[PDB]
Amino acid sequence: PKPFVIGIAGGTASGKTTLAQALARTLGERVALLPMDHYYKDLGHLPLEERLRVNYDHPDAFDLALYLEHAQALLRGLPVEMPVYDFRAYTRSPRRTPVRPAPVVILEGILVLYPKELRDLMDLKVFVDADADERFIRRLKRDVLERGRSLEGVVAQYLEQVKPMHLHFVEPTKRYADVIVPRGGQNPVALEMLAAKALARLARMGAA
């Protein structure tokens, strides 16, 4: 049948990635996860200095056409070759990774609830919430330890782009969520609840 389509959005470092991955792990082979943060437009032909200036928190930085195409293919029972973005080099990497069709599809990303075309594919819409100061702390650690950023560059990107875009584009999408999940990285009860809903949907698919 139709998969269960779950959209999970939230600000940067809100716990949304960890929650989606945990749900994916709880369901095993019955889930396909498509992270929108790997779908930035391929601007690899542009010099680094130009890629450094792009605002990666504005909707137009994303290859929405491709993301939507992949989600639609998964919905038809077809596999897709998912792009992989290189946060260190600031470009779409040459690597790709296959994603197998499954009865539950999870679309996760800071802006997955922004485009009506994406929201119209979703059966369940989740927004993962956490205060900006706590998210900034996790973002700063993530950037310095995994993405080769300096503390100074993180502060500048955050104040000049991440925060303004979060207030203008990300936070208002919270109004479209069916449920809001706090403590996304460590919330066993909320995880069990999302899992129970998906399991009821899966049981519906096999029963007749």
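Numbering starts at 1 and runs along the sequence shown.
When the two stretches 147-155 and 25-33 are set side by side, the higher mean Cα temperature factor goes to 25-33. When the two stretches 184-192 and 12-20 are set side by side, the higher mean Cα temperature factor goes to 184-192. Comparing C-alpha B-factors across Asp133, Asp86, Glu108, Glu81 in the deposited entry, the largest value falls on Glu81. In this PDB entry, the Cα temperature factor of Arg139 sits in the bottom third of its chain's modelled residues, the lowest group. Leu52: CA B factor lies in the middle third for its chain, per the PDB record. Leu202 sits in the middle third of its chain by CA B factor, as recorded in the PDB entry.
Sort the modelled residues of the chain by CA B factor and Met165 lands in the lowest third. The entry lists a Cα temperature factor for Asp63 that places it in the middle third of the chain's modelled residues.
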